[PDB]
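> Take a look at this one; I'll ask things after.
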Amino acid sequence: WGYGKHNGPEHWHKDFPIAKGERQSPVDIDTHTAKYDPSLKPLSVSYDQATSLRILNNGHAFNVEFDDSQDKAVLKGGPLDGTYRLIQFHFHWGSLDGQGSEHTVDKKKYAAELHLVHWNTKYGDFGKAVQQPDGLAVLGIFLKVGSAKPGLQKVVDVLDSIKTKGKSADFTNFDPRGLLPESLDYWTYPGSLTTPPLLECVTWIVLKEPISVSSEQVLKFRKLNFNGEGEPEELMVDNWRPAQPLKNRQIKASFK
Ligand SMILES: Clc1ccc(OCc2nnn[nH]2)cc1Cl
Ligand code: NA
Ligand SMILES: [Zn+2]
Numbered sequence: 005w006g007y008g009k010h011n012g013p014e015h016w017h018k019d020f021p022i023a024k025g026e027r028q029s030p031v032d033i034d035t036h037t038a039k040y041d042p043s044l045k046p047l048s049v050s051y052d053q054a055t056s057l058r059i060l061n062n063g064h065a066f067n068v069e070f071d072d073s074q075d076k077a078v079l080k081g082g083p084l085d086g087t088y089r090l091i092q093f094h095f096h097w098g099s100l101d102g103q104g105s106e107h108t109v110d111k112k113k114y115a116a117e118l119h120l121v122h123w124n125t126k127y128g129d130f131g132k133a134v135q136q137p138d139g140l141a142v143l144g145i146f147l148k149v150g151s152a153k154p155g156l157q158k159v160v161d162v163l164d165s166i167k168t169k170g171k172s173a174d175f176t177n178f179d180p181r182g183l184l185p186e187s188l189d190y191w192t193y194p195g196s197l198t199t200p201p202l203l204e205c206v207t208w209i210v211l212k213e214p215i216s217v218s219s220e221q222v223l224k225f226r227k228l229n230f231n232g233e234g235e236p237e238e239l240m241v242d243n244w245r246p247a248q249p250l251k252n253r254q255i256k257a258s259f260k
């Protein structure tokens, strides 16, 4: 599977029939229809003790991985019950600044989207968590092109060392707090992974406020390769799934 004409999102259902399921992601967020939920508790992003380890090009995106063997960096509150441990983050992005995000906001596409992936510690390990309807919480953050994001630059600068599929590099002492916007206002809904296996195991928390990154920063994302070393070059761009049918779901807002 991938993102090309011959193996992309319109093909995925043949090996992963849940691609046409009842709670697939991403979705369009219609801001006029999303409703404030006074019931949501405050969102708690607790990343002070986050321990990054490594950055990996897996042929689909690049992943920054964390030590999740203890409750270091966790996401709690909001729509969530219990404690979700940060395991990794990655992005999806476009070939052009007008596309690249997976979620859309009133059909608007952002240049990219950051996903911080967390798993529900009541299920003991990540593999067990993805088999549960409330196994994962993904914090989604839009990127728009404007001023540079200082906290992203250490990521940008290491991409030259993981150009191709299968390459990894040490990536210790990175603080993911530098990737967040000022506001934690969010939308939330029940959904799925946005790549195969497309499991319906995600509580989505999508921040309303985008972060700005510079044109130079996202240009360096676009120099990555889907291919492995020694293979014909396939630029890693447009690694996003389009919006899926909302079906029997309501998107809730944390804010008035
Ligand atoms: Cl660990 C991980 C890495 C990448 C990935 O991409 C698809 C995606 N993004 N947000 N939800 N699913 C999924 C996961 Cl669960
Ligand atoms: Na759920
Ligand atoms: Zn993602």
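In full-length UniProt numbering, the protein residues as written are 5 to 260.
Every residue gets a Cβ at the ideal spot worked out from N, C-alpha and C, and that includes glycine.
Terminal residues of the continuous beta strand (DSSP E) containing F70?
For this step, residue 70 is matched to residue 66 along the sequence shown. Where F70 is concerned, the enclosing beta strand (DSSP E) starts and stops at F66 to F70.
> Got a sec: does ligand 2 put a non-hydrogen atom nearer than 6 Å to the Cβ of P46?
Counting from one through the sequence shown, the residue named residue 46 turns up at place 42. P46: no, Cβ never under 6 Å from ligand 2.
> Ordered along the chain, which non-local residues of its own chain (more than five positions away) have a Cβ less than 7 Å from that of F130?
Position 126 of the sequence shown holds residue 130. Closer than 7 Å at Cβ, skipping near neighbours: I91 and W123.
> Where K80 and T125 are concerned, what is the direct C-alpha to C-alpha distance, given to the nearest angstrom?
Translated into the one-based positions of the sequence shown, residue 80 becomes position 76. Translated into the one-based positions of the sequence shown, residue 125 becomes position 121. Their Cα atoms are separated by approximately 11 Å.
> Taking 6 Å as the limit between beta carbons, can you name the residues of its chain near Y193, skipping five residues before and five after?
One-based indexing of the sequence shown puts residue 193 at position 189. A distance below 6 Å between beta-carbons, with the five flanking residues on each side excluded, links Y193 to the following residues of its chain, in chain order: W208, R253 and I255.
> May I ask which residues mark the beginning and end of the alpha helix (DSSP H) holding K224?
Here residue 224 refers to the residue found at position 220 of the sequence shown. DSSP places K224 inside the alpha helix (DSSP H), whose first and last residues are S219 to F225.
> Below 6 Å, is the gap between the Cβ of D138 and the nearest heavy atom of ligand 2?
If you number the sequence shown from 1, residue 138 lands on position 134. Yes, Cβ of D138 sits closer than 6 Å to a heavy atom of ligand 2.
> Could you please give me the residues that DSSP links to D174 through a beta bridge?
For the purposes of this step, residue 174 is taken as residue 170 along the sequence shown, with counting starting at 1. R58.
> Just the Cα atoms here: how many angstroms apart are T35 and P249?
Position 31 of the sequence shown holds residue 35. Position 245 of the sequence shown holds residue 249. Cα to Cα, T35 sits roughly 16 Å from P249.
> In this structure, how does DSSP classify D85 when only helix, strand and coil are distinguished?
Here residue 85 refers to the residue found at position 81 when the sequence shown is read from its first residue. Judged by DSSP in its simplified three-state form, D85 adopts coil rather than helix or strand.
> Run through DSSP, which three-state label would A116 get?
In the sequence shown, the residue the question calls residue 116 occupies position 112. Three-state result, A116: strand.
> Report whether the distance from the Cβ of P194 to the nearest heavy atom of ligand 2 is below 6 Å.
In the sequence shown, residue 194 corresponds to position 190, counting from 1. It does: the Cβ of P194 is within 6 Å (strictly closer) of some heavy atom of ligand 2.
> Which of the three DSSP states, helix, strand or coil, is assigned to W16?
Here the question's residue 16 lines up with position 12 in the sequence shown. Note: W16 maps to helix in three-state DSSP.
> Is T207 helix, strand or coil when you go by DSSP?
The sequence position of residue 207 within the sequence shown is 203, counting from 1. Correct three-state label for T207: strand.
> As an exercise, report each continuous beta strand (DSSP E) stretch of at least 3 residues that is fully enclosed by the stretch 121-201, in chain order.
140-149, 172-174 and 190-195
> Sort out for me which residues DSSP pairs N229 with in a bridge.
On the sequence shown, position 225 is the one that residue 229 refers to. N229 pairs with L239.
> Can you look up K24 in the DSSP assignment and give me helix, strand or coil?
Within the sequence shown, the letter at position 20 stands for residue 24. Note: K24 maps to helix in three-state DSSP.
> Within the same chain, show all residues whose beta-carbon is closer than 6 Å to that of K227, passing over the 5 residues directly before and after it, in chain order.
Here residue 227 is taken as the residue at index 223 of the sequence shown, counted from 1. So the list is empty, once near-sequence residues are dropped.
> Compute the distance between the beta-carbons of residue 1 and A23, then report whether it is under 7 Å.
Nothing about residue 1 can be reported from this structure: the residues present for the chain run from 5 to 260 only.
> Per DSSP, what are the beta-bridge partners of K256 in this structure?
Translated into positions along the sequence shown, residue 256 becomes position 252. According to DSSP, which records beta bridges pairwise, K256 is partnered with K39 and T192.
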